[PDB]
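>
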Amino acid sequence: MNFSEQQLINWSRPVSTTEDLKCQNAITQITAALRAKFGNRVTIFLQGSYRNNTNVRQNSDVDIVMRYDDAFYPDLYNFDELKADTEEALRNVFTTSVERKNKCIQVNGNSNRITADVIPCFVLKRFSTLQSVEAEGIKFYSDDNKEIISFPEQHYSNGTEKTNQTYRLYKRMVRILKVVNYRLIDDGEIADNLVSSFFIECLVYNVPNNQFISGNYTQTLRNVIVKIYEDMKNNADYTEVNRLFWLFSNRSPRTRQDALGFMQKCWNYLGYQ
Ligand SMILES: [Mg+2]
Numbered sequence: 017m018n019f020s021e022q023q024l025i026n027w028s029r030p031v032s033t034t035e036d037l038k039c040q041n042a043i044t045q046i047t048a049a050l051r052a053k054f055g056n057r058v059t060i061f062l063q064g065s066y067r068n069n070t071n072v073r074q075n076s077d078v079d080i081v082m083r084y085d086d087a088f089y090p091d092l093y094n095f096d097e098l099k100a101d102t103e104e105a106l107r108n109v110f111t112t113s114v115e116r117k118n119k120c121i122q123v124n125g126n127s128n129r130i131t132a133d134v135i136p137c138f139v140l141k142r143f144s145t146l147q148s149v150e151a152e153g154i155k156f157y158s159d160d161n162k163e164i165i166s167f168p169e170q171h172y173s174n175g176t177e178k179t180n181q182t183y184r185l186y187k188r189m190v191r192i193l194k195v196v197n198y199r200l201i202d203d204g205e206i207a208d209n210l211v212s213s214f215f216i217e218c219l220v221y222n223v224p225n226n227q228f229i230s231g232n233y234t235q236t237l238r239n240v241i242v243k244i245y246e247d248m249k250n251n252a253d254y255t256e257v258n259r260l261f262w263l264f265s266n267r268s269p270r271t272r273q274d275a276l277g278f279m280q281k282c283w284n285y286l287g288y289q
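Next up, the structure:
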């Protein structure tokens, strides 16, 4: 195949992490700006690639969640106002670096801090039929009126558990496939939204643990791609990493065909035979 075992190992490593000075600087500065307005009425935490340790690009943007939750976690008002107040708190400090986006407020970085997406949100509680329990996550609204929900804590914990059980290969395989995704996008071979990082993470999550072969990145990656590809042809019922909801739920526009096509492009790019 086209890339050596060592090249796959190199691609499997995290590139940006929460240890990075520029990441710490962004979190510190943004946290101070938000606390100046909201005090203890919010919980601030990370989600996305810095939280799950799946970054494969230098100087990656960080996703900082600001959960307005005074009603649920009190000190021992609609979403439009929350997001506007969040934007104001950030603009007072970061001025022209602040840009409102559809699902977040972006705070553009500089020589000393990474860019950050600040995600104002509320507590969400929803019943999971998969687990027959009420689950707690977050909810917010996009500027184009979609209700966006997430379970970042359960996503974090389940992904960490799987990597701990697979010789650390679960997240290493996610990272490799994210690298291939960016390369295919840069080459114009796939659209930049054929698959997202979240989608890749969920696809690999559903590959059984016994497909991850200690110390064999080439064969593990082969197993991962073949398993997802075949599962997509076979109409498989994949879960999200959070194990609370189905990946191919009728709430989500992404499809098994998207995953099948992505796996094919990865297989061809990597040169497996
Ligand atoms: Mg992200």
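Position in the sequence shown (from 1) plus 16 gives the number in my numbering.
Note that beta-carbon positions come from the ideal geometry of N, C-alpha and C, so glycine has one too.
1) Compute the minimum distance between the beta carbon of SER158 and the heavy atoms of ligand 1, and state whether it is under 8 Å.
2) I want to check one thing, is the minimum distance from the CB of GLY64 to the heavy atoms of ligand 1 below 8 Å?
3) Please indicate yes or no: does the CB of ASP247 lie closer than 8 Å to some heavy atom of ligand 1?
4) At a threshold of 8 Å, does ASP133 count as lining ligand 1 (C-beta to nearest heavy atom)?
5) Since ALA151 sits in a beta bridge, which residues does DSSP pair it with?
6) Under a Cβ-count criterion, where at least 16 other Cβ atoms within 10 Å of its own Cβ denotes burial, should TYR198 be classed as buried or exposed?
7) Which residues mark the beginning and the end of the beta strand (DSSP E) in which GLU163 is found?
8) Given the structure, does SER213 come close to ligand 1, in the sense that its CB is under 8 Å from one of the ligand's heavy atoms?
9) Rounded to whole angstroms, how far is the Cβ of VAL81 from the Cβ of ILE154, which I believe are closer than 8 Å?
10) For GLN170, is the classification buried or exposed, using 16 other Cβ atoms within 10 angstroms of its Cβ as the cut-off for buried?
11) Are the Cβ atoms of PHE88 and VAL134 separated by less than 9 Å?
12) Would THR102 and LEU50 qualify as a contact pair, given that the criterion is a beta-carbon distance under 9 Å?
13) Check whether the Cβ of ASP202 lies closer than 8 Å to any heavy atom of ligand 1, and answer yes or no.
14) Which whole-angstrom value describes the C-beta separation of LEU200 and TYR285, a residue pair presumed to lie in contact below a C-beta threshold of 8 Å?
15) Between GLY277, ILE216 and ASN266, which lies nearest to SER65 when the distance is taken from Cα to Cα?
16) Considering only the beta carbon of each residue, do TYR254 and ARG188 sit closer than 9 Å?
17) Decide if the region 55-74 is in contact with the region 27-37; the criterion is three or more beta carbon pairs, one per stretch, under 8 Å apart.
18) Does DSSP put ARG199 in a helix, a strand or coil?
19) Going by beta carbon distance, what residues of the same chain come within less than 6 Å of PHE61, once the five residues before and after it are set aside?
The short version:
1) The sequence position of residue 158 within the sequence shown is 142, counting from 1. Outside the cutoff, so no.
2) For the purposes of this step, residue 64 is taken as the residue at position 48 of the sequence shown. It does: the Cβ of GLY64 is within 8 Å (strictly closer) of some heavy atom of ligand 1.
3) Counting from one through the sequence shown, the residue named residue 247 turns up at place 231. Result no, Cβ not under 8 Å from ligand 1.
4) Counting from 1 along the sequence shown, the entry for residue 133 is found at position 117. Yes.
5) To locate residue 151, count along the sequence shown from 1; it is residue 135. The bridge partners DSSP lists for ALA151 are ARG142.
6) Along the sequence shown, one-based indexing puts residue 198 at 182. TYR198 sits exposed, since fewer than 16 C-beta atoms from the chains shown fall within 10 Å of its C-beta.
7) As a position in the sequence shown, residue 163 is number 147, starting the count at 1. Note, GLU163: beta strand (DSSP E), 163-166.
8) Position 197 of the sequence shown, counting from 1, holds the residue named residue 213. Yes, ligand 1 has a heavy atom inside 8 Å of this Cβ.
9) Residue mapping note: residue 81 aligns to position 65 of the sequence shown, counting from 1. Residue mapping note: residue 154 aligns to position 138 of the sequence shown, counting from 1. Between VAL81 and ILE154, the beta carbon gap of about 7 Å places them in contact (Cβ cut-off 8 Å).
10) For the purposes of this step, residue 170 is identified with residue 154 of the sequence shown, where counting begins at 1. Around the C-beta of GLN170, 16 or more other C-beta atoms lie within 10 Å, and the residue is accordingly described as buried.
11) One-based indexing of the sequence shown puts residue 88 at position 72. One-based indexing of the sequence shown puts residue 134 at position 118. Contact annotation: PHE88 and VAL134 have beta-carbon atoms that are not nearer than 9 Å.
12) By 1-based counting over the sequence shown, the position of residue 102 is 86. By 1-based counting over the sequence shown, the position of residue 50 is 34. Yes.
13) Locating residue 202 in the sequence shown gives position 186, counting from the first residue. No, since every heavy atom of ligand 1 falls outside the 8 Å radius drawn around the Cβ of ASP202.
14) Within the sequence shown, the letter at position 184 stands for residue 200. Within the sequence shown, the letter at position 269 stands for residue 285. Separation of the CB atoms of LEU200 and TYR285 is rounded to 6 Å, and the pair is thereby assigned contact status at 8 Å.
15) Position 49 of the sequence shown holds residue 65. Nearest option by C-alpha distance: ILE216.
16) Your numbering for residue 254 matches position 238 in the sequence shown. Your numbering for residue 188 matches position 172 in the sequence shown. With contacts defined by Cβ atoms closer than 9 Å, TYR254 and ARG188 do not form a contacting pair.
17) Counting C-beta pairs closer than 8 Å gives three or more between the region 55-74 and the region 27-37, which meets the contact rule.
18) As a working mapping, residue 199 is identified with position 183 in the sequence shown. DSSP places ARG199 within a helical segment (H, G or I) once states are collapsed to three.
19) Numbered from 1 along the sequence shown, position 45 holds the residue referred to as residue 61. Within the same chain, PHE61 has close Cβ partners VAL81.
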